[PDB]
Amino acid sequence: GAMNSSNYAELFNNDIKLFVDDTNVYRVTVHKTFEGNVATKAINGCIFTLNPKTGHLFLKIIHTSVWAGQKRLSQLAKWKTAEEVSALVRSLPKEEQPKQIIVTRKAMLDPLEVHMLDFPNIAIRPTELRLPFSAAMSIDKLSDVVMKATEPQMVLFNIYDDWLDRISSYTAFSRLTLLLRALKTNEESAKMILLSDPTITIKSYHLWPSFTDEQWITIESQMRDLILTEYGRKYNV
Amino acid sequence: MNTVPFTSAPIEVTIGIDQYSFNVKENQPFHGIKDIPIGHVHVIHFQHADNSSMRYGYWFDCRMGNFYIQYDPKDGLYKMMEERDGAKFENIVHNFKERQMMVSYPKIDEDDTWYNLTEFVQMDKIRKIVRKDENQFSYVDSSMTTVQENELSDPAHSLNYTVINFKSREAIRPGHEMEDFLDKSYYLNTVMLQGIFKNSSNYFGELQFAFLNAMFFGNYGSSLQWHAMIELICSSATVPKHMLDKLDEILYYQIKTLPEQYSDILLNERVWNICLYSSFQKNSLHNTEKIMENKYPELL
Ligand SMILES: C[C@H](CC(=O)O)S(=O)(=O)c1ccc(Cl)cc1
Ligand SMILES: C[C@H](CC(=O)O)S(=O)(=O)c1ccc(Cl)cc1
């Protein structure tokens, strides 16, 4: 089914699973036209498909050419997401195929179920968790690869860098969702927190800086403080 | 005309014959129904006065044999049988008619209601949904499940309706996922009409039979099937114009005949709003929309 805190390890049972976020598939800018009407212009987007246990991210880049001459684009985007996820599963060896696919938005259930009819043993499910994966585009190396693409393209990342050498995936996913929630709430301040100290750098083959254990505790504190700060600014608390 | 005599009526029971019904009292001198119009199927149905459990009954066609009813005190119900001795049957009936122990099927001559509910329903197609080959008539009751219901459990006693499932490989061509899921025309026209039913008349017959089983027996499996076959048409962008026109007539007479006091359970609010107001055929069911809005506006 749909998931909860009433199992804080059922989403984390032992099966290969993937989280599929479609927020950033169809992206537009809205602008006035010479005649004073309004028009959209699409820009490149991406499907965020993530394994919680391993950190492997299958970033499918959605080139704007996909939309050319098509109608009802918000609806098509859900069906294109489902098609690309289904094609990813079929490309993986059987022993790497997922036992569960978990969509961050309920509107993806029917399109992904219909595309995956040939895989009756793969459960397609929603989640009550509010995951901040829409902020994936605030990660500079992912935004850069999406906006430079000139053609459809799939790019593989480990979104936890080398963290699993030192922490559990439960803790790594915790760190990731706190980082993305902060970037979603106040992008500039979150980035200021992550980069301020220039003696800590981002390895060329990483997405995040090379913090020691003690520095990550500090950085995590500053992210919790930013989120609280913004909650205060928002509600006048 | 034709006749369904009864040996006796030893238990009190409400007897239905098509859309008509009447009460018989315990051991009252009732010996059946006469003047039944030849040329249509019919259904004779029962609900025991002392145990409303199990509505049950019999679909039959007086052209296919001579049928009578007799109570079985072991199985506790009114059973249909076929009398093969014709001269005997005629002798029995004439005696009951001479002694006026039979009720007359009460057909008004302005009334086409039963023709309008059974236009496409054919006894040969009923007997393939209800499998009991050694009889010329078919038994149905409140509790019989459908083949589809027994997939989600004695298969000999099931209703073998054609299974309709919008999220199945049969409804969805590989490579046309979005297209076939948002527009059911492939499933309706190629899979169901050309493939399984062969023509629209057989599809509407199964539809009409599903509605009548649901309304006369309170069969949940039938109610599901009726709504599914309606939704399959309405959810298709490409339907022959003759089919849409005929569907509007079919549904109009079903809504007109539905007892108002059973509307809450016999009409699925979700399905009807979709069909009348959201679907591809939202504008193609003018007579049905009007009666639904004037008679059951609460459901909408
Ligand atoms: C911010 C918290 C974590 C932290 O403050 O270190 S949380 O809201 O992301 C959280 C929420 C759900 C789960 Cl399953 C785990 C962590
Ligand atoms: C649906 C409920 C019964 C059930 O779920 O079996 S009910 O009682 O309202 C119902 C019963 C019979 C029919 Cl023909 C339609 C609905």
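These residue numbers run from 1 along each chain by written sequence and may not equal the entry numbers. Residues without coordinates are not shown. Chains carry letters and ligands carry numbers; both start at the beginning, A for chains and 1 for ligands, and go up in the order they are written. Side-chain calculation: all heavy atoms of the structure are included, whereas hydrogens and water are not. Residues with missing side-chain atoms are left out of burial classes, side-chain pairs and their counts.

Novice: Just checking my understanding: could you explain the sheet that holds strand 4 (residues 32-36) of chain B for this structure?
Specialist: Pairing between the strands of a sheet comes from backbone hydrogen bonds, and it takes one of two forms, parallel or antiparallel. Residue and element names in this part refer to chain B. Any two strands with at least two DSSP bridges between them are considered paired. Numbering of helices and strands runs from the N terminus; a helix is a DSSP stretch of H or I covering at least four residues, while a strand is a stretch of E covering at least two. Ordered by their spatial adjacency, 3 strands build an open sheet running 1-4-9, and the pairing between neighbours is mixed. Each edge of the open sheet carries a strand with a single partner, namely strand 1 (2-5) and strand 9 (103-104). Where strand 4 and strand 9 come together, 2 bridges link them in parallel fashion. Following the sheet pairing, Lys 34 is matched in strand 9 by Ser 104. Throughout, a contact is declared for two residues whenever any of their heavy atoms are within 4.5 Å. Angular values range over 0 to 180 degrees, each being the angle between N-to-C directions of two axes fitted as lines to C-alpha atoms, with helices fitted over their stretch in contact. Each of strand 1 and strand 4 is contacted by helix 1 (residues 86-98), which is oriented at about 85° to strand 1, the strand it contacts most.

Novice: What is the right way to look at the interface of chain B and chain A in this model?
Specialist: Contacts between chain B and chain A engage 8 residues on the former and 9 residues on the latter. Buried area: the accessible area, evaluated with a 1.4 Å probe, that two parts lose upon being put together, summed over both parts. Between chain B and chain A, a total of about 900 Å² is buried, with carbon and sulfur atoms accounting for 68% of that surface. For the chain B face of the interface with chain A, the top three residues by lost area are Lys 167, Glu 177 and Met 178 of chain B, together amounting to 59%. When a carboxyl oxygen of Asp or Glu lies within 4 Å of a side-chain nitrogen of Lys or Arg, that pair is called a salt bridge. Taken together, the connections running from chain B to chain A amount to 3 salt bridges. Its salt-bridge partner being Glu 113 of chain A, residue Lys 167 of chain B comes within 3.2 Å of it at the nearest N-O pair. Two N or O atoms count as a polar contact when they lie within 3.5 Å, although within protein this holds only if one can serve as hydrogen donor and the other as acceptor, and sequence-adjacent residues are included solely when both atoms are side-chain atoms. Scanning the region where chain B abuts chain A turns up 3 residue pairs in polar contact. When the residues that make up the side of chain B that touches chain A are grouped by side-chain class, the tally is 4 nonpolar, 1 polar and 3 charged. For this classification, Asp, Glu, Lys and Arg are treated as charged, while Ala, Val, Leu, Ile, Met, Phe, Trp, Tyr, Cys and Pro are nonpolar and the rest, including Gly, are polar.

Novice: Whenever I open this one, the pattern of salt bridges confuses me. Can you help?
Specialist: Tallied over the full model, the rule gives 22 salt bridges over all chains. Between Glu 84 of chain A and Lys 80 of chain A there is a salt bridge, with its nearest N and O atoms 2.9 Å apart. Of this pair, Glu 84 of chain A and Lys 80 of chain A both sit in helix 1 (residues 73-91), 4 residues apart, which is roughly one turn of the helix. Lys 80 of chain A matches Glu 84 of chain A in its accessibility class, with the two residues each being buried. The partner of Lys 132 of chain B in a salt bridge is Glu 134 of chain B, with the nearest N and O atoms 3.3 Å apart. Residue classification places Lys 132 of chain B among the partly exposed positions, given a relative accessible area of 45%. Shared partners join several salt bridges into a network, and the residues in it are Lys 60, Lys 80 and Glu 84 of chain A. For each residue, the accessible area found with a 1.4 Å probe, counting protein chains only, is set against the maximum for its type, and the residue is called buried under 20%, exposed over 50%, and partly exposed in between.

Novice: Where do I start with the site of ligand 1 in this structure?
Specialist: Residues and elements named next belong to chain A. Any residue with a heavy atom positioned within 4 Å of a molecule or strand is treated as near that molecule or strand. Around ligand 1 sit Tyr 8, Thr 177 and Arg 224, and that is every residue in its neighbourhood. A distance of 2.5 Å separates an oxygen atom of ligand 1 from a polar atom in the side chain of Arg 224. Burial of ligand 1 by the protein chains amounts to 55% of its free accessible area of 400 Å². Of the pockets mapped on this structure, ligand 1 occupies the largest pocket. For every accessible area listed, the method is Shrake-Rupley and the probe measures 1.4 Å; residues are considered covered only by the protein chains on display. Cavity: a set of points on a 1 Å grid over the protein atoms alone where a 1.4 Å probe fits but cannot get out. Pocket: an open set with protein on both sides within 12 Å along at least five of seven lines, its lining residues, like those of a cavity, having an atom within 4 Å of a point. In this description, a molecule resides in a pocket or cavity if more than half of its atoms sit within 2 Å of the grid points defining it.

Novice: Got a minute to help me understand helix 3 (residues 140-148) of chain A in this structure?
Specialist: Residues and elements named next belong to chain A. Listing the buried residues of helix 3 in full gives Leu 142, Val 145 and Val 146. For helix 3, the angular spread of the buried residues around the axis is 100°, confining them to a single face. As for helix 3, its buried residues are in contact with strand 2 (27-32), strand 4 (45-50), strand 5 (56-62) and strand 8 (153-158). Arc definition: directions from the helix axis to the C-beta atoms.

Novice: What exactly am I supposed to notice about the pairing of strand 4 of chain B here?
Specialist: The side chains of a regular strand alternate between both faces of the sheet. Sheet topology note: the strand 1 of chain B/strand 4 of chain B ladder contains 3 bridges and is antiparallel. Paired with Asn 2 of chain B across the strands is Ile 36 of chain B, a residue of strand 4 of chain B.

Novice: Would you explain the state of the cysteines in this entry?
Specialist: Note on terminology: disulfide describes a covalent bond linking the sulfur atoms of two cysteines. In what follows, a disulfide is any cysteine sulfur pair within 2.5 Å. Here the structure, examined in full by the defined rule, presents 0 disulfides over all chains. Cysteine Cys 234 of chain B is unpaired, with the sulfur of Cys 275 of chain B as its nearest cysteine sulfur at 3.6 Å.

Novice: Would you mind showing me how to read the nonpolar core here?
Specialist: In this text, buried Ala, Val, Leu, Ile, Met, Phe, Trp, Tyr and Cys residues form a nonpolar core when linked through side-chain atoms within 4.5 Å. Membership of the largest hydrophobic core comes to 93 residues, with the highest contact counts inside it found for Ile 44, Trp 59 and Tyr 203 of chain B. By size, the runner-up hydrophobic cluster in this structure holds 44 residues, among which are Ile 139, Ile 159, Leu 178 and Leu 226 of chain A.

Novice: Any chance you could explain the domain arrangement of chain A here in plain terms?
Specialist: By a widely used convention, the size of an interface equals the accessible area lost when the partners come together. Residue and element names in this part refer to chain A. Splitting chain A by domain gives domain 1 (9-163) and domain 2 (164-237). Boundary definitions for the domains trace back to an automatic or database domain assignment. Each of domain 1 and domain 2 has a C-alpha centre, and these two points are 23 Å apart. In total, domain 1 and domain 2 occlude about 2200 Å² of area from one another, counting both sides; carbon and sulfur atoms represent 65% of this. A salt bridge links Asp 140 to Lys 191; the shortest N-O distance between them is 2.9 Å. Elements represented by at least two residues in the side of domain 1 that touches domain 2 include exactly helix 3 and strand 8. It is helix 3 that contributes the most residues to the side of domain 1 that touches domain 2, 3 residues altogether. Classifying every residue of the side of domain 1 that touches domain 2 gives 15 nonpolar, 4 polar and 6 charged.

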